[PDB]
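The block underneath contains the structure these notes are about, expressed in structure tokens.
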Amino acid sequence: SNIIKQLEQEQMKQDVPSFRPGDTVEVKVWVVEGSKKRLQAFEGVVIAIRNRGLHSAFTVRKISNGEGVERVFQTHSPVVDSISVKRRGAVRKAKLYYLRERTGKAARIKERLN
Amino acid sequence: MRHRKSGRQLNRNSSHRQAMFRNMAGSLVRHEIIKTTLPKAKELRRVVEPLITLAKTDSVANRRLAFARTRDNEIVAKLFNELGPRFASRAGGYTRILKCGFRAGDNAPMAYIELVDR
Amino acid sequence: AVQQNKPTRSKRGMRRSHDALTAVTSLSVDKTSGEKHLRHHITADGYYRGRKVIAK
Amino acid sequence: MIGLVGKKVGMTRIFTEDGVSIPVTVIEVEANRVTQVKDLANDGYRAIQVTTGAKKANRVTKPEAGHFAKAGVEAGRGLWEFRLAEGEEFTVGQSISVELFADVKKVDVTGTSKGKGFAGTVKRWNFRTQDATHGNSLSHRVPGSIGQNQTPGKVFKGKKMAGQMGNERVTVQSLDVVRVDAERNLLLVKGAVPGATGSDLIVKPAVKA
RNA sequence: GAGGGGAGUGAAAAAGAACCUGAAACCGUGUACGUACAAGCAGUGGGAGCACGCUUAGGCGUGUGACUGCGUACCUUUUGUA
RNA sequence: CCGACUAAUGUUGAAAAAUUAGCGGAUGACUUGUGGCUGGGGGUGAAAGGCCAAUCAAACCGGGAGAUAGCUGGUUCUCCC
RNA sequence: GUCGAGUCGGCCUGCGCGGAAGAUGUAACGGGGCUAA
RNA sequence: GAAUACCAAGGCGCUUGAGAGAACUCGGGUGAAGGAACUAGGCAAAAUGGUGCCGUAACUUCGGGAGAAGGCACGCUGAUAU
RNA sequence: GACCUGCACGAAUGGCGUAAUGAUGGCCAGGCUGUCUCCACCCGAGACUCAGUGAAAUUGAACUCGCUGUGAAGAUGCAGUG
RNA sequence: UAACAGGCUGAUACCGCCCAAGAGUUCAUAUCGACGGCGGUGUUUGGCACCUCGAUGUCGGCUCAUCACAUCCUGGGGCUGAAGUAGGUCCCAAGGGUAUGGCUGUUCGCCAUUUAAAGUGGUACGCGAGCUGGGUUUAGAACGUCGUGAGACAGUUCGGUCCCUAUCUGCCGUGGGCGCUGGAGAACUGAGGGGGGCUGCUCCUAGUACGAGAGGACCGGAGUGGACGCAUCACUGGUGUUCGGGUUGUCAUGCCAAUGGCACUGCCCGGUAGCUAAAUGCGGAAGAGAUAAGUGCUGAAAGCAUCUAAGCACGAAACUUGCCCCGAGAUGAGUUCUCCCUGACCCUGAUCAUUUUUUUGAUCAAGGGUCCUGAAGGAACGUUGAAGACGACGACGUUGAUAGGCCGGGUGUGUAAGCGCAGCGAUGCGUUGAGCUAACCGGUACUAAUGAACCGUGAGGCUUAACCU
Ligand SMILES: [Mg+2]
Ligand SMILES: [Mg+2]
Ligand SMILES: [Mg+2]
Ligand SMILES: [Mg+2]
Ligand SMILES: [Mg+2]
Ligand SMILES: [Mg+2]
Ligand SMILES: [Mg+2]
Ligand SMILES: [Mg+2]
Ligand SMILES: [Mg+2]
Ligand SMILES: [Mg+2]
Ligand SMILES: [Mg+2]
Ligand SMILES: [Mg+2]
Ligand SMILES: [Mg+2]
Ligand SMILES: [Mg+2]
Ligand SMILES: [Mg+2]
Ligand SMILES: [Mg+2]
Ligand SMILES: [Mg+2]
Ligand SMILES: [Mg+2]
Ligand SMILES: [Mg+2]
Ligand SMILES: [Mg+2]
Ligand SMILES: [Mg+2]
Ligand SMILES: [Mg+2]
Ligand SMILES: [Mg+2]
Ligand SMILES: [Mg+2]
Ligand SMILES: [Mg+2]
Ligand SMILES: [Mg+2]
Ligand SMILES: [Mg+2]
Ligand SMILES: [Mg+2]
Ligand SMILES: [Mg+2]
Ligand SMILES: [Mg+2]
Ligand SMILES: [Mg+2]
Ligand SMILES: [Mg+2]
Ligand SMILES: [Mg+2]
Ligand SMILES: [Mg+2]
Ligand SMILES: [Mg+2]
Ligand SMILES: [Mg+2]
Ligand SMILES: [Mg+2]
Ligand SMILES: [Mg+2]
Ligand SMILES: [Mg+2]
Ligand SMILES: [Mg+2]
Ligand SMILES: [Mg+2]
Ligand SMILES: [Mg+2]
Ligand SMILES: [Mg+2]
Ligand SMILES: [Mg+2]
Ligand SMILES: [Mg+2]
Ligand SMILES: [Mg+2]
Ligand SMILES: [Mg+2]
Ligand SMILES: [Mg+2]
Ligand SMILES: [Mg+2]
Ligand SMILES: [Mg+2]
Ligand SMILES: [Mg+2]
Ligand SMILES: [Mg+2]
Ligand SMILES: [Mg+2]
Ligand SMILES: [Mg+2]
Ligand SMILES: [Mg+2]
Ligand SMILES: [Mg+2]
Ligand SMILES: [Mg+2]
Ligand SMILES: [Mg+2]
Ligand SMILES: [Mg+2]
Ligand SMILES: [Mg+2]
Ligand SMILES: [Mg+2]
Ligand SMILES: [Mg+2]
Ligand SMILES: [Mg+2]
Ligand SMILES: [Mg+2]
Ligand SMILES: [Mg+2]
Ligand SMILES: [Mg+2]
Ligand SMILES: [Mg+2]
Ligand SMILES: [Mg+2]
Ligand SMILES: [Mg+2]
Ligand SMILES: [Mg+2]
Ligand SMILES: [Mg+2]
């Protein structure tokens with residue numbers, strides 16, 4: 001419906017960089033610890049992207065301090081301050097859920113030369 | 001519940017429905033008019049009309065897509081060589097359904113489905 | 001599960017009080033051939049809304 | 001306080017500056033036109049009857065058209081009534097818009113819930129299923145017992161059993177008013193409201209407050 | 001075609017071969033009356049109204065049965081059975 | 001091919017013992033076709049009173065026979081004392 | 001020592017009061033109702 | 001491999017159909033997190049599953065136990081070798 | 001696994017052991033899972049609607065409500081009442 | 001004429017009360033109460049043999065409950081041997097709430113760990129024409145034991161067929177008929193009915209009141225949870241055999257290339273709409289009235305005293321409302337707004353005006369049948385829907401976006417085919433984020449929603465009253 005598309009368009013970020021599944025991205029998110037607000041980086045491989053307008057999302061996987069963690073970011077949320085692609089990955093699927101069963105060398109993603 | 005869902009099961013499984021409507025689209029293209037049950041004619045619209053739309057653009061790839069559907073090179077040839085040209089300026093609605101009473105064997109509601117310029 | 005008493009002819013009729021068929025309220029007349037037909041159906045002679053749609 | 005008739009456009013979200021996402025139902029509240037004022041002397045109670053939207057002319061019958069014409073108001077798609085409070089007065093033909101909620105913090109929304117058709121006891125009443133295995137014979141989602149024995153020798157009235165579910169009036173109470181948009185005839189309330197997209201909604205200031 | 005309507009035979013075809021007589025259960029069509037605020041062995045006592053018909057023009061006869069008193073089948077077996 | 005451990009179904013069945021998914025034996029004390037022999041207080045039984053024509057702590061058919069039944073049921077028109 | 005008409009606590013007896021909580025529904029007058037009905 | 005999958009020769013669609021796309025039953029597919037907490041009992045379901053090689057405990061009647069357990073490789077193309 | 005207090009073991013109607021074997025009985029663990037927490041969705045065959053065909057058990061007769069009481073002592077049929 | 005369940009009974013059982021020896025420093029009665037006494041329930045163990053032996057399925061689990069109150073929690077209160085905190089005991093109170101596991105067929109119980117609490121009973125020890133079938137209680141077998149033996153044992157052990165398509169009542173839903181007094185389309189009122197009603201923890205008040213200290217509140221306020229319920233799909237996800245792709249075997253389309261069929265959707269990886277929970281919004285209340293136990297004011301009978309007799313005030317999750325849903329078959333059938341119908345008559349009667357009890361014209365009817373008329377609206381038919389088993393309900397029918405198609409987009413999959421280049425080749429690379437894309441969004445009359453026809457009528461009873469003439 002046009003009404004809701006208007007309401008969503010007014011809210012959408014206009015500076016979202018292009019990225020693809022398999023890319024390594026760094027997401028800067030606001031973290032409030034008291035009256036202190038600061039930026040914390042979450043860097044990992046994009047294993048899923050949901051293209052849904054204002055409701056678009058993407059999932060980033062990383063191994064952190066010995067533990068695998070996934071964060072599903074809401075793309076247009078003000079919690080997300082900036083997104084930057086650190087490395088272009090070459091994969092063929094849209095969804096990289098198979099990486100959940102890979103570690104180390106078996107988890108490597110070929111760089112996308114382009 | 002079947003909210004917003006499309007498509008008739010027609011008391012068949014999906015592979016049977018697919019084969020049946022491949023055959024029936026072939027028959028309608030061949031004869032330009034067939035008699036079937038009303039629900040089947042209404043479902044058949046959704047199969048035959050996109051085939052004619054595809055046939056509007058003649059290319060190797062489109063002929064191969066038409067063959068993957070239909071599996072009949074006589075049907076594909078008629079599509080691209082005659083029906084696409086015949087319907088080149090018609091925006092949809094290449095078929096017409098005409099209700100024609102009830103079947104003797106089973107009181108099934110019946111209809112003719114024909115190409116509009118037959 | 002089965003009746004303990006034989007239902008009466010009266011109860012049988014009361015149940016069938018909803019079984020009566022409904023006649024077609026009105027037949028339509030083709031504007032060209034003048035023959036009667038079911039509304040929105042073709043005529044016996046292949047006419048619909050004045051047009052000879054089906055031959056033979 | 002009176003309310004307004006709107007339409008369920010759908011749901012979306014509002015992102016706030018501090019990173020909260022507020023789920024909102026978007027309600028289109030076009031101008032509500034007063035078609036009849038009812039008073040104690042003539043009707044036994046105080047109320048306004050309103051209309052909203054529009055209806056195709058050949059779909060309006062002569063009785064309904066005469067009723068609209070007496071108000072001097074174009075035909076809407078239906079008629080709804082709101083009871084009047086003591087300090088509340090309105091005139092026939094008056095237009096009431098969504099700025100009525102400009103200062104209202106919370107609203108009650110009434111719609112016709114989606115229709116689930118004939119529902120089993122598991123879906124309709126949250127009955128538990130019996131064993132999927134362990135010998136269960138044909139009795140996996142069935143209700144179980146429906147009573148006692150010879151005493152009382154009957155099933156009690158109101159026994160929970162399978163039947164029609166949904167497609168009924170439902171009220172959700174005290175929803176936050178997120179935004180009133182007079183220019184676009186929009187009310188955004190936090191959270192879900194009854195009914196499918198496009199269906200009519202009745203919005204009134206929250207009774208609990 | 002089955003089946004039927006006539007025509008004809010015959011004392012008779014409502015003796016037509018699914019055939020003398022043609023009962024009852026059971027199932028229909030027609031007409032009269034009753035019946036959609038009313039609780040139970042369905043009748044019985046009381047009883048209005050309606051329809052049809054009667055040689056005295058009067059009530060009566062036939063059918064129905066609003067409403068109302070009373071009223072828990074039959075057999076068997078039992079101390080005793082709705 | 002011969003079986004029949006478990007479950008679901010079926011239970012006025014598709015079937016008076018099955019179907020489906022699984023299951024055991026599968027060169028042997030194996031399994032099968034044709035024909036033969038053993039007969040009812042009798043047969044046969046790697047023994048369950050198992051089997052002996054959908055019948056088994058004594059087969060089936062006919063006869064004694066209308067066994068007997070201190071038991072159950074039922075017992076038909078009327079009125080008067 | 002203070003007020004001016006009774007005061008006290010035993011007995012016998014008529015009628016009542018408490019003691020008195022149960023399971024589908026009033027539900028321990030047949031009902032309505034009754035201070036006599 | 002007389003298993004199994006798809007086919008040939010050949011033979012068939014099983015003698016009611018048409019719609020719809022509720023509960024519930026039957027036969028199946030998949031399932032977040034958990035993982036026997038179910039239950040009389042893991043009933044049912046899920047799972048394992050091939051070949052080659054490496055490797056394999058107690059115990060033993062010296063045959064076994066044992067395919068114990070556990071693990072690695074596995075398609076296609078080219079060369080060695082038109 | 002022990003103890004021995006064997007109600008009421010015990011030596012071919014065998015005692016005690018025993019590798020292997022078992023669609024045998026009990027207990028435990030890994031794996032695995034809709035068995036379960038707690039169910040959701042889906043694909044099919046019925047169920048539902050139309051056309052054709054067309055059963056059954058049962059059945060004293062029925063104008064076949066609740067409640068409290070009564071009563072061959074657990075009532076649609078009795079009383080009162082709703 | 002026994003076993004189950006019912007019935008009668010209530011010794012027994014469970015609960016309540018009376019007397020008060022005594023315990024309790026003192027002090028019978030805060031708490032407990034000896035020796036005895038009196039009741040209630042139907043509730044255990046029983047008694048009886050009235051119902052059922054031409055059959056009333058009997059343990060436990062599961063599912064689903066419903067009622068009582070002798071109350072487990074939460075609520076209100078009196079006394080206390082009640083400082084506080086926390087208890088004891090009794091009274092009121094049935095609104096709502098009221099564990100998961102290990103063992104065992106268990107119920108129970110014990111045990112582990114929860115909880116505000118893990119209530120006690122009735123309901124054929126509720127519930128097998130709802131499930132199970134572990135136990136009891138057939139036929140096989142064995143042990144111990146008894147018996148000469150066949151066999152036997154509320155001793156044990158291993159194994160061991162649970163049928164019914166619902167006529168009636170009842171119950172959950174959903175239509176059809178007629179009625180409600182001319183017909184019709186809507187909006188209502190609200191008699192009456194149903195739902196809902198639980199509660200933790202943390203912080204503040206306050207380390208205050210209390211207390212030697214240890215500890216540690218009432219009253220009131222704030223937040224955030226468990227369980228439960230309703231709605232919804234924006235988000236996070238499941239499903240997604242109707243979308244895209246990878247891949248094994250085989251068969252075919254002449255072959256290559258490219259495709260299709262079959263193998264559980266062959267096996268898989270993703271995934272649109274919808275449906276949905278694990279996802280996320282919301283709810284229980286406040287307030288009001290009348291009260292329970294309880295507390296009182298004023299106040300005599302009875303010069304005192306006395307909450308009570310007259311009068312007056314407080315007082316709880318119970319009651320009546322407040323909140324949500326149904327609701328005029330509420331036959332007591334209600335109200336409001338709007339819309340529509342303004343013929344010839346005959347037959348015959350009713351009245352009248354005329355008569356000669358009979359008759360000669362006019363007007364009008366809760367008769368009847370024909371003629372003309374056919375409205376408002378409805379139904380039907382068609383295209384249909386997040387509406388739906390069917391009916392029903394909603395949208396739309398050319399003066400049209402109802403459905404299909406079509407166009408644009410989105411989404412998903414993930415760089416099609418063809419051609420070219422590199423490589424001996426598998427394959428890689430370019431064209432190319434390509435191709436394809438369901439149920440989605442925005443649009444669009446191309447197709448199908450036909451002119452008609454059908455139903456429904458023509459001013460709507462009597463009386464009386466208030467008015468208008
Ligand atoms: Mg649709
Ligand atoms: Mg079918
Ligand atoms: Mg297939
Ligand atoms: Mg009987
Ligand atoms: Mg019928
Ligand atoms: Mg629905
Ligand atoms: Mg459960
Ligand atoms: Mg069975
Ligand atoms: Mg089952
Ligand atoms: Mg003839
Ligand atoms: Mg003769
Ligand atoms: Mg005869
Ligand atoms: Mg009547
Ligand atoms: Mg009444
Ligand atoms: Mg009587
Ligand atoms: Mg007797
Ligand atoms: Mg008697
Ligand atoms: Mg055998
Ligand atoms: Mg088998
Ligand atoms: Mg073996
Ligand atoms: Mg073998
Ligand atoms: Mg024996
Ligand atoms: Mg035999
Ligand atoms: Mg003998
Ligand atoms: Mg003799
Ligand atoms: Mg004899
Ligand atoms: Mg009571
Ligand atoms: Mg084979
Ligand atoms: Mg289905
Ligand atoms: Mg299933
Ligand atoms: Mg599965
Ligand atoms: Mg799972
Ligand atoms: Mg998982
Ligand atoms: Mg695990
Ligand atoms: Mg367990
Ligand atoms: Mg358990
Ligand atoms: Mg198993
Ligand atoms: Mg399996
Ligand atoms: Mg021995
Ligand atoms: Mg010896
Ligand atoms: Mg031995
Ligand atoms: Mg039929
Ligand atoms: Mg009756
Ligand atoms: Mg009763
Ligand atoms: Mg009774
Ligand atoms: Mg007894
Ligand atoms: Mg007893
Ligand atoms: Mg006696
Ligand atoms: Mg009895
Ligand atoms: Mg009997
Ligand atoms: Mg009490
Ligand atoms: Mg109550
Ligand atoms: Mg209350
Ligand atoms: Mg326990
Ligand atoms: Mg265990
Ligand atoms: Mg019981
Ligand atoms: Mg109980
Ligand atoms: Mg059963
Ligand atoms: Mg039962
Ligand atoms: Mg034995
Ligand atoms: Mg209630
Ligand atoms: Mg969505
Ligand atoms: Mg997903
Ligand atoms: Mg999938
Ligand atoms: Mg596919
Ligand atoms: Mg090829
Ligand atoms: Mg094939
Ligand atoms: Mg094949
Ligand atoms: Mg005084
Ligand atoms: Mg497109
Ligand atoms: Mg491809």
Side-chain angles (χ1 to χ4, degrees), chain A residues 1-2 51 55 72 92-95, chain B residues 1-7 9 13-14 37 39 42 45-46 49 53 60-61 64 67-68 71 90-93 95-97 105-108 116, chain C residues 1-8 18 25-26 28-29 31 39-40 49, chain D residues 11-13 21 23-24 36 38 42-45 49 58 61-64 66-67 70 79 81 113-115 117-120 128-139 141-152 154-159 161-164 167 169-175 190-192 194 196 207-208:
Chain A
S1 86
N2 297 335
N51 302 300
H55 313 302
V72 178
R92 290 190 66 189
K93 308 194 167 291
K95 303 299 194 291
Chain B
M1 288 177 275
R2 64 145 282 293
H3 292 172
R4 309 278 279 188
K5 301 199 181 192
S6 282
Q9 181 206 326
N13 55 50
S14 53
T37 77
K42 287 185 173 174
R45 278 178 317 183
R46 299 188 71 225
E49 290 190 17
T53 308
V60 172
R64 287 188 183 188
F67 185 67
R71 291 297 295 187
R90 190 176 287 278
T95 62
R96 161 189 297 122
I97 293 174
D106 59 5
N107 197 39
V116 294
Chain C
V2 62
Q3 72 205 24
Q4 288 200 351
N5 296 93
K6 175 176 177 180
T8 66
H18 305 280
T25 97
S26 147
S28 302
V29 193
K31 59 159 122 184
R39 186 80 161 175
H40 301 103
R49 290 175 64 172
Chain D
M11 306 175 59
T12 193
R13 74 218 285 182
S21 176
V24 299
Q36 189 176 358
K38 302 194 175 184
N42 178 71
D43 300 277
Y45 70 110
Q49 165 195 108
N58 72 2
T61 69
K62 286 198 37 82
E64 315 167 323
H67 185 67
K70 189 185 173 182
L79 294 171
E81 195 158 324
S113 69
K114 277 177 155 174
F118 201 113
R128 325 158 155 97
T129 62
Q130 304 178 47
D131 289 340
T133 66
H134 288 294
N136 181 295
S137 300
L138 312 180
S139 305
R141 299 174 75 83
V142 302
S145 180
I146 63 172
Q148 287 90 38
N149 207 308
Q150 168 162 194
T151 297
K154 67 173 178 178
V155 177
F156 289 133
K157 199 108 66 200
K159 183 73 187 70
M161 338 171 96
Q164 167 67 36
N167 197 25
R169 188 189 171 100
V170 181
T171 296
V172 179
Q173 281 189 322
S174 70
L175 299 182
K190 168 175 168 182
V207 79
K208 304 275 177 75

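Chain naming here is simple, since letters A, B, ... match the order of the sequence lines and numbering starts at 1 in each. The analysis underlying the following values was restricted to heavy atoms, covering all of them including side chains, and did not include hydrogens, waters or symmetry mates.
Contact check, D:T61 against J:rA376: no side-chain N or O comes under 4.0 Å of OP1 or OP2. Phosphate contact (OP1/OP2 of J:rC275, side-chain N/O of B:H3, threshold under 4.0 Å): present. Within the 4.0 Å cut-off from OP1 or OP2 of J:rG245, not a single side-chain nitrogen or oxygen of A:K95 is found. In this structure, C:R39 reaches the J:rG451 phosphate: one of its side-chain N or O atoms is under 4.0 Å from OP1 or OP2. Put simply, D:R169 has no side-chain N or O that comes within less than 4.0 Å of OP1 or OP2 on J:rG327. C:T25 has no side-chain polar atom (N or O) that falls below the 4.0 Å cut-off from OP1 or OP2 of J:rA379. Within the 4.0 Å cut-off from OP1 or OP2 of J:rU336, not a single side-chain nitrogen or oxygen of D:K38 is found. Residue D:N149 has a polar side-chain atom (N or O) positioned under 4.0 Å from OP1 or OP2 of J:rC127. Residue B:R64 places no side-chain N or O under 4.0 Å from the OP1 or OP2 atom of J:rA417. Residue D:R141 has a polar side-chain atom (N or O) positioned under 4.0 Å from OP1 or OP2 of H:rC24. For the pair B:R2 and H:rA22, the criterion of a side-chain N or O lying under 4.0 Å from OP1 or OP2 is not met. Applying the 4.0 Å criterion to OP1 and OP2 of J:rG388, one finds that D:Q164 has a side-chain N or O inside that range. In terms of phosphate contacts, D:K208 brings no side-chain nitrogen or oxygen within less than 4.0 Å of OP1 or OP2 of J:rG287. The phosphate of H:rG42 has neither OP1 nor OP2 within less than 4.0 Å of any side-chain N or O from D:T133.
The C1'-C2'-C3'-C4' torsion of G:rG9 is negative, which assigns its sugar to the south, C2'-endo side. North is the pucker assigned to the sugar of I:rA56, its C1'-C2'-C3'-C4' torsion being positive. A south sugar is assigned to J:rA166: the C1'-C2'-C3'-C4' torsion is negative, on the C2'-endo side.
We find that the ring of D:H67 and the base of J:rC337 do not stack by the test of centres under 5.5 angstrom and planes tilted less than 30°.
No Watson-Crick or G-U wobble pair links J:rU224 with J:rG334 when both atom distances must be under 3.5 Å. Nucleotides J:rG173 and J:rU29 fail to qualify as a pair under the Watson-Crick or G-U wobble definition, as the contacts are not both shorter than 3.5 Å. Judged by Watson-Crick and G-U wobble geometry, where both atom pairs must sit under 3.5 Å apart, J:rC419 and J:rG430 count as a base pair. Remark: J:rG229 pairs with J:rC282, satisfying the Watson-Crick or G-U wobble criterion at under 3.5 Å for both atom pairs. A Watson-Crick or G-U wobble pair links J:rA231 to J:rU280, both relevant atom distances lying under 3.5 Å.
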Filtered N/O pairs between nucleotides 392-394 of chain J and protein, under 3.5 Å:
none

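Comparing B:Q9 and D:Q150 by the nucleotide of RNA chain I whose heavy atom lies nearest to each, the residue mapping closer to the 5' end is B:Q9. Between D:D131 and B:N107, the residue whose closest nucleotide on RNA chain I is further toward the 5' end is D:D131.
Rounding to the nearest 0.5 Å gives a distance of 11.0 Å between CZ of D:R13 and CE of D:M11.
Consecutive pairing runs in RNA chain E reach the stem threshold at E:43-46 with E:67-70, E:49-54 with E:59-64, where a stem means at least three Watson-Crick or G-U wobble pairs with distances under 3.5 Å.
Backbone-only contact: D:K62 has heavy atoms under 4.0 Å from sugar-phosphate atoms and none from a base. Within the 4.0 angstrom heavy-atom criterion, only backbone atoms of the sugar-phosphate kind lie near B:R90; the bases stay farther away. Across all strands shown, D:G144 has heavy atoms under 4.0 Å from base atoms, whether or not it also approaches the sugar-phosphate.
The nearest whole Å value for the distance from the CD atom in D:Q148 to the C1' atom in I:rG74 is 15 Å.
Put simply, the side chain of C:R39 never gets that close to the backbone of C:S28: no donor and acceptor are under 3.5 Å apart.
Donor-acceptor pairing under 3.5 Å is lacking for the side chains of B:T95 and B:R45.
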